[PDB]
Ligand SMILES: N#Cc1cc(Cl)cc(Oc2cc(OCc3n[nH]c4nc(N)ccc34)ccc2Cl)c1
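The chain below stands alone, shown as structure tokens; this is the form deposited without the ligand.
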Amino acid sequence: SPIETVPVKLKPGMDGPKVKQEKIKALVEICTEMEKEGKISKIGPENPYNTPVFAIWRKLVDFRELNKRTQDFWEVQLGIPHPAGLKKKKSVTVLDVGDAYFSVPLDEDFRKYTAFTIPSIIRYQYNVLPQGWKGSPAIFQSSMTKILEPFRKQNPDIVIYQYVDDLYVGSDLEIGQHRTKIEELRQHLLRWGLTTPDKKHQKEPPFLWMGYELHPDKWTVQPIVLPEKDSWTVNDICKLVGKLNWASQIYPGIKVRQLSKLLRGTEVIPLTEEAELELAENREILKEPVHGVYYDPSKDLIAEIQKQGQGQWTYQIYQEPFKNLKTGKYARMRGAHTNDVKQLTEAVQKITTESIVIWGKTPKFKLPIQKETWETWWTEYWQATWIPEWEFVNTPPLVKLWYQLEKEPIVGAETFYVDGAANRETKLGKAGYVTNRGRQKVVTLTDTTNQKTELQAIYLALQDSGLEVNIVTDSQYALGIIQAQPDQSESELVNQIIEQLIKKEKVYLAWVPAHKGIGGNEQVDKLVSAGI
């Protein structure tokens, strides 16, 4: 192929590989053909370099060390084309190039490093892009791009989705003219040395493309088969999760969180039976026939989110009701402590950034949160936070802050002065309080931290107080967490605190500087630091 070569070097101070090794009769079969067609060349013992080979009718070379010594490349594949980004076309063809890499010449000054040797119980060089070499994918994609350009310029109103060596070509032409143009594209590729085998030329729907089934008006995924094991290794769940993540692009309401959390510090894992539920529910959903549609720029893009439960979210992007382009999910646990409004913000961000990639614009949102709640949270939150143009959609469970913190102290309510102290060598602590109505309490903790004792202190106060309470704390830490109004935490203690907060009618929390001989903060400190 008349493609000009891409110049490639090793890294400045390094040398080629020198590694050494009955699939041998399989390998001589292949290599002899490859030489006949010029893909390789035999070399003599003068060439110092060698890299291992193996076969699995298919030959591949382990170029790990070569790759390590090869220059860095800027990868030109920035993502995966998605079906929901496809515009509706009258005529469509899917195409594949055969022997992609091997139709593309390597850098003559570099070929000597690709040296390999079929073993004894014959040495070669690569003349084209080897498979397993680090630079081949980028060099192919870049080359395919430059090869396709003259045709792209010539046929500006023909869409070619170009993924490695796979080609989707769509046009607004009638099936005859279109087939002519495909042929012209096929001839163009041959002149540049690229074969498109008829055996991989798809001329009628459904088109198999990029994992999908492309019909004329709708698209879908190719069948998904979940692994149904008796025992579950850590990997089987990772496999199962990934398969479920892939399904969630078009099957609505896929859930992964509970399956997900079974992997922590982790061999076989008992399915927590919260997991087998969501699995079983998932299995039910994959019995559903679902489909997506194609993209119309003359319409609005609309995302719509719902809460699946426990920081688990589902969305749908559509232009017309009941016909959604794509679906998806969000279930990331970001932060040690969080709440539903935070996560909805995060869900909005994921969808936004996903839409920019697929459609080149941001959707209009439909969210299950009242304009009020949002403005309330946006008020009480100290760091910047935002959501684009959105409608409220009455679709339970709505999104809410589960408790609120008073802005002013509660008159008459008991005032707790809480504090905690921990010794770093012994890891022994004390948490407790001193109140206006005369009450006093100190508990001791084993195996704790100073930040933990301050959380205990506050927890103490909420257990012992009545439905209303003012708390004064000298802890920047604890106040930071609680003023953010979490409803979920990694911390059991913060969770316990949360159940309490939900129960109060009113909580007011206030901060004071430590060690300034101030209020009962000195009193409770002395009780609590004693022994620490």
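Numbers follow the displayed sequence, beginning with 1.
Per the record, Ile56 and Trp57 are separated by 4 to 9 deposited residues that have no coordinates. In terms of unmodelled positions of the deposited sequence, the stretch from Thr266 to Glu267 in this entry skips 4 to 9 residues.
Stretches 57-65 and 485-493 differ in mean C-alpha B factor, with the higher average recorded for 57-65. Looking at 347-355 and 418-426 together, the entry lists the larger mean B-factor for 418-426, computed on C-alpha atoms. Set against one another, the Cα B-factors of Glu184, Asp107, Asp165, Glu174 in the record reach their highest point at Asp107. If you compare the C-alpha temperature factors of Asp340, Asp300, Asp157, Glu406 in the entry, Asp300 comes out highest. Sorting the modelled residues of the chain by their CA temperature factor places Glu505 in the middle third. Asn235 sits in the highest third of its chain by CA B factor, as recorded in the PDB entry.
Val128: CA B factor lies in the middle third for its chain, per the PDB record. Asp96: CA B factor in the lowest third of modelled residues in this chain (values from the PDB entry). In the deposited entry, the Cα temperature factor of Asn282 places it in the highest third of its chain's modelled residues.
Form deposited with the ligand bound: not shown, discussed below.
Classification of the binding site as blocked follows from the superposed pose of the ligand in the entry with it bound: three or more of its atoms fall inside 2.4 Å of backbone or C-beta atoms here.
Contact annotation: of the candidates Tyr294, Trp359, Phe73, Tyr381, the single residue with a non-hydrogen atom within 4.5 angstroms of the ligand in the entry with it bound is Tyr294. Of the residues given (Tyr315, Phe110, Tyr124, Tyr168), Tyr168 alone sits with a heavy atom within 4.5 Å of the ligand in the entry with it bound.
Using a 4.5 Å heavy atom cutoff, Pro81, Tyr161 and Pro205 all lie near the ligand in the entry with it bound.
In the entry with it bound, the ligand sits beyond 4.5 Å of every heavy atom of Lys243. Remark: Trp377 does not count among the residues lining the ligand in the entry with it bound, judged by a heavy atom distance of 4.5 Å or less.
The ligand is not shown here, and in the entry with it bound it never comes within 4.5 Å of any heavy atom of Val256.
In the entry with it bound, the ligand sits beyond 4.5 Å of every heavy atom of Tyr251.
Looking at 431-439, 333-341, 206-214, 278-286, the stretch with residues near the ligand in the entry with it bound, meaning non-hydrogen atoms within 4.5 angstroms, turns out to be 206-214. Taking a 4.5 Å heavy atom cutoff to the ligand in the entry with it bound, the contacting residues in 56-93 are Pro81, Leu86, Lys87, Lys88, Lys89, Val92.
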